[PDB]
Ligand SMILES: [Zn+2]
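Take a look at the structure:
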C-alpha cells in the first residue's frame with residue numbers, strides 16, 4: 014500500500030548519511046602539483062590492508078615501508094564499512110617519494126554482480142555464449158549509478174540520466190538482458206490498463222525533460238563564461254563549402270559574424286549585412302533570412318533555456334560592459 | 018580476473034508490495050513465459066536468444082519495494098527501489114539507451130525523425146568513439162609500423 | 214558535352230610514397246607481391 | 228545493322244539517383260590524413276598534446 | 059642486412075628504426091637490435107658501366 | 025577428355041565482372057594456371073589469420089580442371122576466396138588485405154582484394 | 011516444328027530482369043536462342059507472347075520477391091523499352107566483342123611503332139562491330155594517356171555510354187556509365203599491316 018516518495022523525479026541522490034560519511038571517507042587530497050612518478054590502483058578489502066604481495070612488493074620497489082599506508086588505511090576504513098566490500102585505492106607517488114591515496118567505492122562491475130545476485134564466472138558477453146544473463150530493470154541500474162559520481166563534493170554531476178547509460182552499457186556488455194529496453198515492452202503493472210500506463214509515461218517523460226533541462230541550465234550557469242560564447246554549427250553547411258572554408262579563413266569567420274546572437278556589441282546592421290552578402294558572393298547559404306540564420310547556426314549542445322535566451326533580443330539586451 | 022568481484026551473494030529482501038492486488042499463478046506464468054526469449058542486435062542481424070535465470074515473479078522483480086544487496090557501509094540499509102516516475106529521465110532512457118548500430122542512427126538524423134532528443138548525443142559520442150579508434154592507431158603507427166592482422170591468430 | 218565526365222589528364226610524374234613521414238609511410242601501404250608471368 | 232546510343236530525352240548524361248557505389252574503400256580524406264587536404268595553417272587540427280595544448 | 063626487392067617492402071619495426079641513405083640507396087638502420095636493418099636492393103656503391111650495366 | 029595443348033585457354037581478358045557475395049574476396053588479376061595444391065596452401069594460410077568465431081572462408085573450386110596433371114586455367118577477374126561474416130564484424134580494407142596477404146603468395150599469379158558486391162573493374166584495373 | 015529444322019531463335023516476353031547479353035529486362039519482347047528461351051521459360055522468367063500478354067503483364071520487383079509488379083505495355087512504355095533496348099544493346103555488343111588489331115613492331119620491347127589514339131579505337135569499333143559512337147566518349151587508361159596505347163598484346167580502355175538514368179539502367183549491367191573495350195594488338199610484317 015505504501016509508496017515512499019511519490020513526486021515527478023526527485024529521487025536522484027542517495028539519502029543524507031551515506032552522502033555525508035562517504036563525503037569524509039571517499040575524498041580528494043588536494044593535488045600537490047609535483048611530478049608524479051607512480052599512479053597506482055589497488056583492490057583492497059575494507060578492514061584488511063596487508064604489507065603482503067601486491068602493495069608490500071610495490072612499496073619495497075621504492076624502498077618505502079608499507080606498514081604506514083596499511084595502518085592509516087585500516088584505521089580509516091575499518092569502522093564505517095560492511096565486510097567483504099572491495100574498494101579501489103588509488104595511490105599517487107610523487108618524486109619526493111611522498112604519496113597520496115584516494116579511496117573509492119567498488120568497481121561498477123561489483124555492483125552489477127551484486128545487484129544480479131551473480132557471483133564470479135557466471136556472466137559473459139552474448140555472442141560468446143548465445144544466451145542472455147539475468148534480466149534487469151532500469152530501476153536497479155539507477156541505484157547502481159547513484160553510487161558512482163565524478164566528485165563526492167557534488168554528487169549531482171554528472172547528471173544521473175546520462176551516467177545511467179554508462180552502467181546500462183557495461184551491463185549490456187556483460188550479457189545482462191534488460192526490461193524497458195532490449196525488449197518491446199516494460200515490466201507489467203497489475204493495477205492498470207496499458208493505455209493508462211503509456212498515457213502516464215508520455216506526461217512523465219516530458220516532465221523529466223523539463224526538469225533535466227533546467228538542471229543542465231543552472232549547471233551551465235555555474236561553469237566558466239566561454240561556453241556561453243558562440244560556437245556555430247558546421248552541420249548546415251555543401252561539404253565543398255566546409256572544406257573551401259578550411260582553405261581560407263575569411264569565409265568561416267564572416268560566417269561566424271553573420272550568425273551570432275543579437276547582442277549589444279555584435280549587433281550592427283552595417284557590417285552584418287555586407288558579411289551576409291560576402292557569403293552570398295561565394296554561394297554560401299543564400300536562402301536565409303538573418304533571423305533564421307540565428308536559428309540554424311547555434312550551439313547545438315548548448316541547453317534549451319540559454320539558447321532561447323540568446324535567440325531573443327531583449328534578454329540579450331541587458332548585458333553590457335558598464336565602465 | 019578474480020579481483021574486484023563479490024565473494025558472497027546476499028539475497029533479495031522484499032520490503033513492501035508494489036500492488037495491492039495479489040496475482041494468480043496463471044498470470045505469473047503468462048508473464049514469465051513472455052520473458053524467456055529476447056532479441057539480440059539491432060539490424061539485419063537480429064537473433065532471438067534464450068534468457069537464463071528468469072525470476073519467479075515478474076511483477077515483484079525490479080519495479081518497487083525490493084531492497085538491493087548493494088549496501089556498502091555498516092549502517093547502510095539496503096536501498097529500497099522507489100516508484101518509476103521518481104527516477105529522472107527513466108522513461109526517456111527506455112527510448113534512448115539500447116543497442117544502436119551507427120547506420121541506424123545516421124538515417125534517423127538524415128530523415129530528421131528522432132525517437133528522443135538524446136539520440137542526437139548518442140550519435141555523436143558513437144562517431145567520436147570510432148574516430149578515436151582511428152586516432153589511437155595513428156599515434157601507434159607513428160612510432161612504429163603496426164601491421165593489421167599479419168600475425169597468426171590463436172594456437 | 215562529353216568532356217565533363219571523361220578525364221584526359223596525363224599525370225607527368227608518378228606520386229611516390231612518403232618515407233619522410235613515419236605515419237604517412239605505414240598508412241599509405243600497398244600490400245602487394247610482384248609476380249613474373251609463367 | 229549498326230548499333231548506336233539513343234539520344235538523351237530527359238535528365239543528366241551521368242546517372243545521379245542511380246549512382247553506383249564507388250568501389251574504393253571510402254576512407255575519408257579527412258579521417259585518414261595523407262594528402263588532398265588543403266588546410267590554411269591557421270586551422271591546423273589535432274595538436275592536442277603539441278601546439279594546440281596552448282591555443283591562441 | 060636483409061635485402062628487400064623495392065622501396066615499398068621497406069618497413070619500420072622498432073621505435074628506434076630510421077630511414078637512412080647509403081649513396082642513393084634507401085635503407086633502414088636500427089641502433090638497437092641490428093637484425094632490423096634492411097637494404098633496398100640496388101647497384102653496388104662502386105660500379106662501372108661495362109661491369110654493372 | 026584428352027584436350028590439346030590449347031584448350032580452355034585463359035589468355036583472353038574476360039567481360040564478366042564477378043559478383044562476390046562474401047564481405048571480402050580475392051580475385052584473379054591476370055590469366056594463368058593454378059594447381060589445387062597451391063589453393064589448399066592458400067586456404068590453410070588464410071584460415072590461420074581468420075578470426076574463426078566471426079568468419080567463414082568460401083573457396084571456389086568449381087571451375088574446370090585441365091590436363092597438363111590437373112590444374113585450373115584462370116581468366117582475369119575470377120573470384121577465388123570469400124570472407125563471409127557470421128556476425129556484425131566489419132573489416133577495413135587494411136584488415137582484409139592483411140588477411141588475404143597470407144594466402145596470396147602461394148597463388149602463382151597476381152591477385153587483388155575486392156569488397157562485397159559487384160567488382161568495380163574501373164577501379165581495380 | 012520438325013526435330014530436324016528447329017527455330018533458330020524464338021520470341022519471348024520477359025518477366026524478371028536478366029543480366030547478360032541474352033537476357034532482357036521486364037516487359038520487353040525479344041527473340042533469343044532456343045536453349046536460353048526454354049531455360050528462361052520453364053524457370054518462370056519468361057513467357058510465350060500471346061496478345062493480351064503484350065498488352066499487359068505481371069513482372070516482379072526484386073524486393074517483394076513475388077510477381078506483384080504490373081506493367082501494361084502502352085505507347086509511352088513501348089518507346090521507353092525501345093530506347094532502353096537500343097542502349098544496352100550497344101552496351102552488350104561492345105563488352106562481349108574483342109576488337110582485333112594488327113600492326114607493325116620494330117626494335118626490341120614489344121611496342122607498336124605507331125601507337126593507338128582515341129580516333130582509331132572508335133574506328134575499329136565501327137569496322138568490326140558496327141558500333142557508331144562519338145570518339146570523345148572513349149577514355150584511356152592512366153598509363154596510356156601519355157603515350158597512346160602502343161603496347162603489344164592485351165590492352166583495354168573504357169567507353170562511356172552517357173544516357174542512362176532515364177532508361178533506369180542499374181544492376182542489369184556491370185556498371186552504369188562504362189564499358190570495357192578490349193583491345194588486342196598483334197604484330198604483323200609489312201605484308202599484312204598498314205602504317
Ligand atoms: Zn628496429
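Protein chains in written order, with PDB author numbering: chain AK, 14 to 336; chain BV, 18 to 172; chain Ao, 214 to 251; chain BM, 228 to 283; chain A9, 59 to 111; chain AQ, 25 to 92, 110 to 166; chain BR, 11 to 205.
Built from N, CA and C at the ideal position, the CB exists for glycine as well.
Alpha carbon to alpha carbon, how far is residue 281 (chain BM) from residue 84 (chain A9)? Approximately 38 Å between the Cα atoms of the pair.
I'd like to know whether the C-beta of residue 244 (chain Ao) is nearer than 7 Å to at least one C-beta of chain AQ. Using a CB distance cut-off of 7 Å, residue 244 (chain Ao) counts as an interface residue toward chain AQ.
Run through the DSSP bridge pairs and tell me what residue 39 (chain BR) is partnered with. In DSSP, residue 39 (chain BR) forms a bridge with 23 (chain BR).
Kindly indicate which three-state DSSP category residue 263 (chain AK) falls into: helix, strand or coil? In the structure shown, residue 263 (chain AK) sits in a helix (DSSP, three-state: H, G or I).
Within 7 Å of chain Ao by C-beta, residues of the segment 256-278 of chain BM in sequence order: Of all residues in the segment 256-278 of chain BM, 259 and 261 have a Cβ within less than 7 Å of some Cβ in chain Ao.
By how many angstroms is the C-alpha of residue 98 (chain AK) removed from the C-alpha of residue 106 (chain AK)? Taken atom to atom, the span from the alpha-carbon of residue 106 (chain AK) to that of residue 98 (chain AK) is near 25 Å.
Closer than 8 Å, Cβ to Cβ, to anything on chain AQ: give me those residues from the segment 104-130 of chain BR, in chain order. Interface annotation for the segment 104-130 of chain BR against chain AQ: 105, 106 and 108, criterion Cβ-Cβ distance under 8 Å.
Residue 296 (chain AK) classed as buried or exposed, judged by whether at least 16 other C-beta atoms fall within 10 angstroms: By the neighbour-count rule (16 or more Cβ atoms within 10 Å), residue 296 (chain AK) is not buried but exposed.
Starting from the beta carbon of residue 160 (chain BV), find every residue of chain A9 whose beta carbon is closer than 7 Å, and list them in chain order. Within chain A9, the residues near residue 160 (chain BV) are 73.
Cβ atoms of residue 176 (chain AK) and residue 154 (chain AK): under 7 Å apart, would you say? No, the Cβ-Cβ distance between residue 154 (chain AK) and residue 176 (chain AK) is not below 7 Å.
Per DSSP, what are the beta-bridge partners of residue 120 (chain AQ) in this structure? As computed with DSSP, residue 120 (chain AQ) is found in a beta bridge with 51 (chain AQ).
Determine, using beta carbons only, whether residue 135 (chain AQ) comes closer than 7 Å to chain BV. Yes, because at least one Cβ of chain BV sits closer than 7 Å to the Cβ of residue 135 (chain AQ).
Assigned secondary structure, residue 39 (chain BV) (DSSP; H/G/I helix, E/B strand, else coil): The answer is coil: DSSP assigns residue 39 (chain BV) none of H, G, I, E or B.
From the DSSP output, read off the bridge partner residues of residue 79 (chain AQ). In the DSSP assignment, residue 79 (chain AQ) forms a beta bridge with 126 (chain AQ).
Helix or strand or just coil, what does DSSP make of residue 29 (chain AK)? Of the three classes helix, strand and coil, the one that applies to residue 29 (chain AK) here is helix, per DSSP.
Quick one: is residue 28 (chain BR) buried, meaning 16 or more other Cβ sit within 10 Å of its Cβ, or exposed? It is buried - the Cβ of residue 28 (chain BR) has at least 16 other Cβ atoms within 10 Å.
Could you tell me the alpha carbon to alpha carbon distance between residue 119 (chain AQ) and residue 144 (chain AK), rounded to whole angstroms? A straight-line Cα-Cα distance of about 40 Å links residue 119 (chain AQ) and residue 144 (chain AK).
On the DSSP letters alone, give me the boundaries of the alpha helix (DSSP H) that residue 164 (chain AQ) sits inside. For residue 164 (chain AQ), the enclosing alpha helix (DSSP H) starts and ends at 162-165.
According to the Cβ coordinates, are residue 195 (chain BR) and residue 111 (chain BR) closer than 7 Å? Residue 111 (chain BR) sits close to residue 195 (chain BR), with the two beta carbons spaced by under 7 Å.
Determine which residues of the segment 249-267 of chain AK have a Cβ less than 7 Å from any Cβ of chain BM, and write them out in chain order. Residues of the segment 249-267 of chain AK with a C-beta less than 7 Å from any C-beta of chain BM: 259, 260, 261 and 262, listed in chain order.
Residue ranges of each beta strand (DSSP E) run of no fewer than 3 residues wholly in the segment 41-127 of chain BV, ordered along the chain? Correct list: 54-57 and 64-68.
Closest to residue 158 (chain AQ) by C-alpha separation, out of 71 (chain AQ), 49 (chain AQ), 82 (chain AQ) and 76 (chain AQ), would be which residue? The shortest C-alpha to C-alpha distance from residue 158 (chain AQ) to any of 71 (chain AQ), 49 (chain AQ), 82 (chain AQ) and 76 (chain AQ) is the one to 49 (chain AQ).
Skipping 5 residues on each side, what residues in its chain have a beta carbon closer than 7 Å to that of residue 36 (chain BR)? The answer, listed in chain order, is 24, 25, 26, 27, 69 and 81.
Short-range partners of chain BM found in the segment 81-97 of chain BR, where Cβ spacing is below 7 Å: Per Cβ criterion, the list reads 93, 96 and 97.
Could you confirm whether any beta carbon from chain BR is found closer than 7 Å to the beta carbon of residue 69 (chain AQ)? Closer than 7 Å to the CB of residue 69 (chain AQ) there is not a single CB belonging to chain BR.
Within 6 Å of ligand 1: residues by beta-carbon to any heavy atom: Residues flagged by the Cβ proximity filter: 71 (chain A9), 72 (chain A9), 74 (chain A9), 75 (chain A9), 88 (chain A9), 91 (chain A9) and 94 (chain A9).
Residue 151 (chain AQ) versus residue 75 (chain AK) - alpha carbon distance: Cα to Cα, residue 151 (chain AQ) sits roughly 58 Å from residue 75 (chain AK).
Along the alpha helix (DSSP H) that carries residue 68 (chain AK), what are the first and last residues, could you check? It spans 66-73 - the alpha helix (DSSP H) in which residue 68 (chain AK) sits, taken as one unbroken run.
Cβ of residue 248 (chain Ao) within 7 Å of any chain AQ Cβ: In terms of beta-carbon proximity, residue 248 (chain Ao) lines the interface with chain AQ, with at least one pair separated by less than 7 Å.
How many whole angstroms separate the CB atoms of residue 59 (chain BV) and residue 116 (chain BV), which I take to be in contact at a CB cut-off of 8 Å? Indeed they touch by this definition, with Cβ atoms about 5 Å apart.
Closer than 7 Å at the beta carbon, the chain BV residues around residue 72 (chain AQ): Contact of residue 72 (chain AQ) with chain BV by beta-carbon distance below 7 Å involves 169 and 170.
Would you kindly work out how many angstroms separate the C-alpha atoms of residue 227 (chain AK) and residue 294 (chain AK), rounded to a whole number? So the two alpha carbons sit approximately 41 Å from each other.
Return the chain-ordered list of same chain residues with a C-beta closer than 7 Å to the C-beta of residue 247 (chain AK), the five sequence neighbours on each side being excluded. The answer, listed in chain order, is 255.
Presumed contact (8 Å Cβ cut-off) between residue 94 (chain BV) and residue 94 (chain AK), rounded CB distance: Contact between residue 94 (chain BV) and residue 94 (chain AK) does not hold, since the beta-carbon distance rounds to 15 Å and is not under 8 Å.
Between residue 100 (chain AK) and residue 116 (chain AK), is the Cβ-Cβ spacing less than 7 Å? Cβ atoms of residue 100 (chain AK) and residue 116 (chain AK): closer than 7 Å.
Just checking: is the beta-carbon of residue 68 (chain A9) within a distance shorter than 7 Å of some beta-carbon in chain BV? Output row for residue 68 (chain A9): interface = no.
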